[PDB]
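To start, the structure itself, in structure tokens.
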Amino acid sequence: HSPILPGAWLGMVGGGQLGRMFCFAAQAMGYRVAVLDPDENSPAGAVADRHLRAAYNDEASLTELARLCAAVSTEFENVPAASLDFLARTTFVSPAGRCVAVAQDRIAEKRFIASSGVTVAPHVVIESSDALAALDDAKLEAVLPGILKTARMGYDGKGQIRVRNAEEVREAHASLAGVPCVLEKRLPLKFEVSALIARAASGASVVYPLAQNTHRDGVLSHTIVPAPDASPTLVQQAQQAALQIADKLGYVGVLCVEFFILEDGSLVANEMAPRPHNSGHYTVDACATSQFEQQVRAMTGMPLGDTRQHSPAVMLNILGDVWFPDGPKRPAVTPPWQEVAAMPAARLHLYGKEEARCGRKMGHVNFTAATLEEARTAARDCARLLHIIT
Ligand SMILES: Nc1ncnc2c1ncn2[C@@H]1O[C@H](COP(=O)(O)O)[C@@H](O)[C@H]1O
Ligand SMILES: [Mg+2]
């Protein structure tokens, strides 16, 4: 792979906030970015050097994107692997369609992670209605109470149903229209962490510090780095697990692997994203090389960047609910950004989305400081200010 040098066109399939942040990182280094996204108002397309407004399966636009760009990546985990393989006919695609296909499917990803030697949650795979009908209640009850999750990803807790008994599993499967699913045992969680790595085509890799993530209603709420409750032994185990997965996958790009730490202290892998990740946004303001810059380097064949964390950090997600302090039925109220910017630790990132809606990620605020406790205090003060907490 002869390195793709500054000045080239780089392609981005998907135009959300992750694609927007990729644009800034690539453009700062002198690259030009073409974003393929069907939405007219895409956050990434707004800042890109070129926006191809097209469906992800549109042959003419895929051909146009691959002709223009020396390398193409994605920020969209559910992108069709066939689209990435189509692009790969004429240009370099990182990560490959084959890798994204494993990572985007909950059944395949848990099989693959287990085959890498990494523990996953006890679960039962439900390929179809016919397969579920042949399973006895006892096979289901072994993983109950549990969560029934569609294999095809639903972001933000979508496509998931709590189930307490076998009859609830069977009704839940029908409610999900019979699609392939994984039934996972609900586990006793002490805390949650994510490992963030980047891997080059050569097999070289870098690792970020472990992040400790808190979710509300299945949506990431905040991230604390370095993880305050993860020992150096656990950090190495989680980083190594993510590297072992990436190596076995032949993965080129940025990979985020989310883990549970149970009450007994064991490490359980849950999910992996074949892209930069919401829990990696802190890297923009806390680390020498951000995850978006790693995505540039990996897809261009350039050397991977130093991951050194120069400042402890906390990321706070900003959801559209922040605009509805008097409830969802009442009018929107613009959040108090002037008071956020008055916090010395606050690094404000707003995505340019026009309409605030509950559950919608509108931005995030990174808090960096000399010490983690100062950063955590500022994030909590900001959460109270924004009515994220009382
Ligand atoms: N097997 C499980 N046991 C306990 N909590 C879970 C389990 N699976 C998912 N969750 C919770 O739901 C969140 C999002 O789930 P997921 O859609 O699997 O990423 C996770 O970050 C957990 O907090
Ligand atoms: Mg995944």
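We're numbering straight along the sequence, starting at 1. Indexing begins at 1, ligand by ligand and atom by atom, following the structure's order. For the numbers below, each heavy atom of this structure counts, side chains included, while hydrogens, waters and symmetry mates do not.
Applying side-chain contact (heavy atoms from CB on, under 4.5 Å) to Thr307 and the options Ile197, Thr289, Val206, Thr283 leaves one that passes, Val206.
Set against the non-hydrogen atoms of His215, the atoms of ligand 1 under 4.0 Å away are 21 (O).
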Contacts table for residues 46-56: side-chain donor-acceptor under 3.5 angstrom, sequence neighbours left out:
from	atom 1	to	atom 2	distance (Å)
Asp49	OD1	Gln27	NE2	2.9
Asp49	OD1	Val33	N	2.9
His51	NE2	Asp37	O	3.0
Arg53	NE	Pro38	O	3.0

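Between the choices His123, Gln160, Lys149, the shortest heavy-atom distance to atom 18 (O) of ligand 1 belongs to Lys149. Taking all heavy atoms of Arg186, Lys185, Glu271 into account, the minimum distance to atom 1 (N) of ligand 1 is reached by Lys185.
Pairs of residues two or more places apart, or lying in two chains, that qualify as side chain to side chain donor-acceptor pair (under 3.5 Å) and include a residue from residues 67-92 are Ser73-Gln295.
Counting only distances under 2.8 Å, and ignoring water, the protein N, O or S atoms around the Mg ion (ligand 2) are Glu77 OE2, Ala103 O, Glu109 OE1, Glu271 OE2, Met272 O.
The two residues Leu249 and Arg98 make their nearest non-hydrogen contact at O-NH2, 3.0 Å.
In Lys185, the NZ atom is crowded: over 12 heavy atoms of neighbouring residues, nucleotides or ligands sit closer than 6.0 Å.
Classified by interplanar angle (parallel below 30°, tilted 30° to 60°, perpendicular above 60°), the ring pair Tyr351/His281 is perpendicular.
Listed by chain and number, the hydrophobic cluster partners of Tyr208 are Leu196, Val225, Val254, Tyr282, where partners are ILVMFWY side chains within reach of under 4.5 Å, directly or through others.
Where the criterion is an N or O separation shorter than 3.5 Å, residue side chain and backbone included, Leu187 meets it with respect to ligand 1.
Contact of the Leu386 side chain with the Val340 side chain is registered, since non-hydrogen atoms from C-beta on lie closer than 4.5 Å.
Taking 4.0 Å as the cut-off, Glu258 does not count as a neighbour of ligand 1 on heavy-atom distance.
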